[PDB]
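# Just the first chains of my complex for now:
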Amino acid sequence: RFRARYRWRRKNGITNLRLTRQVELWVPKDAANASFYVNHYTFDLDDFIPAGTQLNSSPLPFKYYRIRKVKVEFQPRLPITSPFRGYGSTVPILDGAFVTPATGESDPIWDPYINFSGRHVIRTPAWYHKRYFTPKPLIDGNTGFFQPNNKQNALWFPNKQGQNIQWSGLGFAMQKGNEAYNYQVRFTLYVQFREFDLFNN
Amino acid sequence: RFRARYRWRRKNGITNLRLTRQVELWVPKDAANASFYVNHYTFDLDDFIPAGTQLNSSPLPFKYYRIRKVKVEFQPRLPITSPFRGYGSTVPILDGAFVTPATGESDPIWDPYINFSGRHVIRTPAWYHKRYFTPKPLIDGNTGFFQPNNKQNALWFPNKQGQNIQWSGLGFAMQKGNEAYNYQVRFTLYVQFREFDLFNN
Amino acid sequence: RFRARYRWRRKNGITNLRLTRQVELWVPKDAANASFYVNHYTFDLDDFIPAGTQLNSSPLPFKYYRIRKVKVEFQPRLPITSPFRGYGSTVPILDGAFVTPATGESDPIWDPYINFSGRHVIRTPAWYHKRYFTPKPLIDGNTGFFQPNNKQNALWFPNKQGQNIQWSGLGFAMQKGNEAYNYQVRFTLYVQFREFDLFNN
């Protein structure tokens, strides 16, 4: 009754791991104009797992995977005695279509994520902020479909180490003050793997 | 009550894997003398897992391990229509001290494992034979201690990939007929790992 | 029923003491390179107990000991108005094999403990951080075995005062900003002693 779920994890090699990577978020300065810094983050499994050997292509010796949850943690670098407090917005964009502008066009003076249904408020000189959600894989670019949050029906993907697809996550907009502040963004993937394959000579 | 064992496997990264390797057992010929072929098998984790990278030293990214069970399977190569049937003995030698003679001295004409408390009968032209037991790690050579079969109290060992200790397993004695017969020995380790560590750049 | 545990503590002299020592953690400066400071801490009983007399070799007059728990407390020296916040990782490394590099090679630019199963986040200009766990004794260097967390089956060790073995504890990685910050690390051993021996003239 619960011992059949144990046989399913042993017949197919189901393993929940937790991968963690860090990046630096550099927000530039904006002297008395109240602009925003709109960008985004997608999660590729090649950034969380290093390169393997010639025999074993991946350091995690599994064939299939799916990412259950992502925890995106904006960790401040500045103290709470900063001269300017900002208030941005973080949304999970599962559609793969972001409001991030390309280079050449100016940064907006208004918050584009402020009316979204899943926006949280990032306070942006000195405060921690985490989002914890289910990412959606960027399978197709023509239709851009994703499936609802169903753990039993989530699609499995091959662990390919170099051709690994990216999963659509977060879009943020942070206010810009008179100083260029920093953040240390930490991405934590909660991956579920399947069919352990370890080649040997 | 059972959900505390789930938190213990997630806090320390407990993962049961199943590693498999093969070797060829060549038994020589013995024309009308009824000798035995006494040898043994110890299990080193470096033979089951290949070499890793410079960053990740092992393809299995865990720090600690212990081998729960070994299945040693003598798989025949010859058909059951062989002109001579033999009857040997397989024992689990946990002490690390085998009755295997060195080179230079002759092979015995009598079965040395036949009076042991845990001997099984291998039929040795053409029949399958498996042993499934708990190996014991060869920690010390001066005292040669091992602990009783207790899953909760089994010692943990560092996965070192090149300095991995060997675990004391099986000793066998196979009869030798007028033909050199073959076996394909398959070792299956049921390892339990701990504290998943995956270095990343 | 509980009065038999009282006779066992009186027949063998069982005494739980709590020893405390302090050390200074100096993290150097790193101007705009985002390096890490990876080091470790092992716990030797000779650092917590001073030297005794010629008659009584130890100020704690017991013959055997075992360390039940260690509390490692990183206590800040800097205020929370520091210009740079860092985010490192603390792990209990029971295997005795650390990721600490020797002198001559450079400090890493990436967190090596970030994917470990038992990492906690140390915030590293100004915030307190404690780890509380069971240390493991560094008995052998060839096999590096340790036993699981079982209070009833923990090995007893002679209190020797000068030949006391070290117990494998914590490995940490702290970010380095533009200033050399300080920490006051406090180690608290929760030792259990046995067989009180007090020599007298």
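Now that the structure is in, tell me what you want to look at. Numbers count the residues shown, from 1 in each chain, chains lettered A, B, ... in the order given.
# where along chain A do the helices fall?
With DSSP state H, the ranges of helices along chain A come out as A:3-11.
# Please list the residues of chain A that sit near chain B.
A:10, A:15-19, A:21, A:48-53, A:55-56, A:59-61, A:196, A:198-201 (Cβ under 8 Å from any Cβ of the partner chain). Quick note: C-beta positions are derived from backbone N, CA and C, even for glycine.
# what about burial for those, which qualify?
A:15, A:17-19, A:21, A:48-50, A:52-53, A:56, A:59-61, A:196, A:198 (16 or more other Cβ atoms under 10 Å in any protein chain shown).
# Considering only those residues, which also neighbour chain C?
Checking these against chain C (Cβ under 8 Å from any Cβ), the matches are A:18-19, A:21.
# now the strands: where do they sit in chain A?
All strands of chain A, identified by DSSP state E, fall at A:15-26, A:36-44, A:62-76, A:89-92, A:129-133, A:136-137, A:157-158, A:166-175, A:182-196.
# And the fifth one, what does it pack against?
Where contact means 3 or more Cβ pairs under 8 Å, 6 or more residues apart in numbering or on different chains; DSSP states H and E, strand A:129-133 is packed against strand A:62-76, strand A:89-92.
# now the angle between strand A:166-175 and it, please.
150 degrees (axes from the mean of the first three to the mean of the last three Cα atoms, to 10 degrees).
# now strand A:129-133, how far from the centre of its chain.
Between the centre of strand A:129-133 and the centre of its host chain there is 10 Å, according to Cα atoms, centre = their mean, to the nearest Å.
# go on, the second one?
Between the mean C-alpha location of strand A:36-44 and the chain-wide mean there is a distance of 9 Å, by Cα atoms, centre = their mean.
# How about the fourth one?
Average the C-alpha atoms of strand A:89-92, do the same for its chain, and the two points are 11 Å apart (Cα atoms, centre = their mean).
# How about residue A:141: what's its closest non-neighbour residue?
residue A:96 (7.9 Å; Cβ to Cβ, 6 or more residues apart in numbering or on different chains).
# Chain C contacts on chain A?
Looking at chain C, the residues of chain A close enough under Cβ under 8 Å from any Cβ are A:18-22, A:24, A:75-81, A:184, A:186.
# hmm, try it at 7 Å
Contact residues, chain A versus chain C (Cβ under 7 Å from any Cβ of the partner chain): A:19-20, A:22, A:24, A:75-77, A:79, A:81, A:184.
# hmm, back to that, ranking the helices and strands packed on strand A:129-133 by burial, who's on top?
strand A:89-92 (a mean of 22; mean count of other Cβ atoms under 10 Å in any protein chain shown).
# residues in contact with that one?
Contact with strand A:89-92 is made by A:111, A:113-114, A:116, A:118-122, A:129, A:131, A:133, A:169-173, as judged by Cβ atoms under 7 Å, 6 or more residues apart in numbering or on different chains.
# following sequence is chain D, add it:
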Amino acid sequence: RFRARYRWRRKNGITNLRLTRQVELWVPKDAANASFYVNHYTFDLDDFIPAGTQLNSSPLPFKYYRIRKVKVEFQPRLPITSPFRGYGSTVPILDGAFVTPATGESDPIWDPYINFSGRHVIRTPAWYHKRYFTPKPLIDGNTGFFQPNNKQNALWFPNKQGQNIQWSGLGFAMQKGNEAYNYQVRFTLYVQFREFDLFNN
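Below is chain D, added to the chains above:
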């Protein structure tokens, strides 16, 4: 329920034997100085079992052993009408580190075992005295670890007949009067053996 312990003793050849050896304890004389005679006893299995043959190395044809209990019996040689009564101390020293001095230094004038947690009083011209305890094997000399008294988790050791390790037992201190008195010390091991192996030609 109890028939599974019967199959475990038959699958692995468990046999409890009781070995007995004797030695002579010579305590020298000490004219009006009230010195002590401090010495010790360790238990080696080579002293209790004689030499075997070339085929069977040991007269007890088992491969593994562990000593459950030792009974050390100081049996007097002198009658109770002796002109001087002495009062010493017997302790079980499991740590392997005794207070026995080497040759060249004088014998102490004070009882060194008198404050120990497990001392019993030996009356030392004419009275019987027995200690009955669990010995601890002297596995390592660097760390000197031993395990708690747990019958289910006691380590097994190879019966090697010539390389057999010694087990740490008793340390005693007997008063010395004006006459050299004698004792007949009787050591009784309660050994448990495993995996009966009897080689045959």
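# mind redoing the contacts of strand A:89-92 now chain D's in there?
A:111, A:113-114, A:116, A:118-122, A:129, A:131, A:133, A:169-173.
# and the residues you listed, which are buried?
The buried subset of those - by 16+ other Cβ under 10 Å - is A:111, A:113, A:116, A:119, A:122, A:129, A:131, A:133, A:169-173.
# tell me which of the residues you listed is nearest to residue D:38?
Each of the buried ones among the contacts of strand A:89-92 was scored against residue D:38 by Cβ to Cβ, and residue A:129 proved nearest at 70.1 Å.
# That closest one contacts residue A:88, correct?
No - the criterion here is Cβ atoms under 7 Å, and residue A:129 misses it with residue A:88 at 9.0 Å.
# Which neighbours do these two have in common?
Both residue A:129 and residue A:88 are in contact with residue A:122, where contact means Cβ under 7 Å, 6+ apart.
# Let's see stretch A:88-108 as CSV, backbone CA atoms only.
Presented in CSV, the C-alpha positions along stretch A:88-108 are these (Å, rounded to 0.1, in the frame of the first residue of the first chain):
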residue,chain,number,x,y,z
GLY,A,88,10.6,45.7,-7.0
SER,A,89,8.6,42.7,-8.1
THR,A,90,9.4,39.0,-8.6
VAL,A,91,7.1,36.8,-10.7
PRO,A,92,7.3,33.2,-11.8
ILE,A,93,7.0,33.4,-15.6
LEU,A,94,6.2,29.8,-16.8
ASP,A,95,5.2,30.9,-20.3
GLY,A,96,8.8,31.6,-21.3
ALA,A,97,8.0,35.1,-22.5
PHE,A,98,9.5,37.8,-20.4
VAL,A,99,9.1,41.6,-20.2
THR,A,100,12.9,41.9,-20.3
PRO,A,101,14.0,44.4,-23.0
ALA,A,102,17.0,43.9,-25.2
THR,A,103,20.0,46.1,-25.3
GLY,A,104,19.6,49.4,-27.1
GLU,A,105,16.2,50.3,-25.6
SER,A,106,16.0,52.1,-22.3
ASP,A,107,15.0,50.7,-19.0
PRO,A,108,11.4,51.4,-18.0
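# Mind listing what's buried along it?
A:88-94, A:96, A:98.
# Quick check: the residue of chain A nearest chain D.
Nearest to chain D, among the residues of chain A, is residue A:3, at 22.3 Å (Cβ to the nearest Cβ).
# mind listing what the closest residue in space to residue A:27 that isn't next to it in sequence touches?
Computed as Cβ to Cβ, 6+ apart, the closest residue to residue A:27 that is not its neighbour in sequence is residue A:37, at 4.9 Å. Applying Cβ under 7 Å, 6+ apart to residue A:37 gives the contacts A:27-28, A:107, A:173-174, A:176.
# Quickly list what residue A:37 is bridged to.
residue A:174 (DSSP bridges).
# then add chain E to what we have above:
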Amino acid sequence: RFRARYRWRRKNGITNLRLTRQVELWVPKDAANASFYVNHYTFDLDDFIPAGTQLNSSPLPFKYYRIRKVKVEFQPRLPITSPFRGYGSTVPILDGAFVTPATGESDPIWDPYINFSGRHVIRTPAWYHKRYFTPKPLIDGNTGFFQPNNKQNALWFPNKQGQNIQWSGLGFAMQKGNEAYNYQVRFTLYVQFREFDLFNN
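Now chain E, sitting on the chains shown earlier:
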């Protein structure tokens, strides 16, 4: 309910130890006069504990103590075939005022402790005799007060190692025959300590 007494012993460092020392009682000879040998014993903690170091003044690293019980054991040196049997008296004198005469005046021909309310009969060539009672501390010499036997209300005293006060114990009177007989008096203190303080460099 009983777990509050466990927190009280851990908050204040309560530890029951058992200290033991020995002395020689020399009773002189008295040819056909039937005199008595009246003396006494007080218990100082400096006689049971040796000298410490400069850092830790005492080998027992506690600050406060109180002696719960004393066991005074007169252990014979002579056999039971002695030509003269004597019959003395042992009393616990808690008041601190003994009937022991100074040097210069003769020893009495009559038993002074024989009518006391707490006298026991010591048989004095060859027989063992123990007293087990609560000692009383010699706090003041002007009033000589002591408190009743109440374990919960017993006064705590500083462990000072050189200024330690003496506790009022036993007064004895032993008959003297035609031979100078010996005794080995053994004092066993059952001390309770408090507030473990171990200085460290």
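# Repeat for what packs on strand A:129-133, accounting for chain E.
Packing partners of strand A:129-133 (3 or more Cβ pairs under 7 Å, 6 or more residues apart in numbering or on different chains; DSSP states H and E): strand A:62-76, strand A:89-92.
# can you tell which of those strands is closest to chain E?
strand A:62-76 (37.3 Å).
# what packs against that closest one?
Partner elements for strand A:62-76 (3+ Cβ pairs under 7 Å, 6+ apart): strand A:36-44, strand A:129-133, strand A:157-158, strand A:166-175, strand A:182-196.
# Kindly report the residues of chain A close to chain E.
So far as Cβ under 7 Å from any Cβ goes, chain A does not lie against chain E anywhere.
# and the gap between residue A:13 and chain E?
Residue A:13 sits at a distance of 46 Å from chain E (criterion: Cβ to the nearest Cβ, to the nearest Å).
# Just list the residues touching the nearest residue to that residue once chain neighbours are set aside, thanks.
Nearest residue to residue A:13 in three dimensions, chain neighbours excluded: residue A:196, at 3.9 Å (Cβ to Cβ, 6+ apart). The contact partners of residue A:196, by Cβ under 7 Å, 6+ apart, come to A:13, A:61-62, B:17.
# Single out the most deeply packed of the helices and strands packed on strand A:62-76.
Scoring the helices and strands packed on strand A:62-76 by mean count of other Cβ under 10 Å, the most buried comes out as strand A:166-175, with a mean of 23.
# Export that one to CSV, keeping only CA atoms.
Only the C-alpha atoms of strand A:166-175 are listed here, as CSV (Å, rounded to 0.1, in the frame of the first residue of the first chain):
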residue,chain,number,x,y,z
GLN,A,166,16.2,25.2,-19.9
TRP,A,167,13.3,25.6,-17.5
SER,A,168,11.3,28.9,-17.3
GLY,A,169,11.5,30.6,-14.0
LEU,A,170,11.6,34.0,-12.5
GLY,A,171,11.3,37.6,-13.9
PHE,A,172,12.2,40.4,-11.6
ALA,A,173,12.2,44.2,-11.6
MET,A,174,14.3,46.0,-9.1
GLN,A,175,14.4,49.8,-8.4
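# what's the angle between it and strand A:182-196?
170 degrees.
# just to revisit the earlier point, export the helices and strands packed on strand A:129-133 to CSV and append columns for distance to residue E:153.
Below are the helices and strands packed on strand A:129-133 laid out as CSV (distance: least, Cβ to Cβ, whole Å):
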stretch, distance to residue E:153
strand A:62-76, 58
strand A:89-92, 65
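# between those strands, which gets nearest to residue A:160?
Checked against Cβ to Cβ, the stretch from the helices and strands packed on strand A:129-133 lying closest is strand A:62-76, at 9.5 Å.
# Please state the offset of that closest one from the chain centre?
For strand A:62-76, the distance to the chain centre is 7 Å (Cα atoms, centre = their mean).
# can you list contacts of stretch A:59-71?
Against stretch A:59-71 from outside (Cβ under 7 Å, 6+ apart): A:13, A:15, A:17, A:43, A:45, A:49-50, A:52, A:130, A:132-135, A:154-159, A:167, A:169, A:187-198, B:56, B:59-61, B:198.
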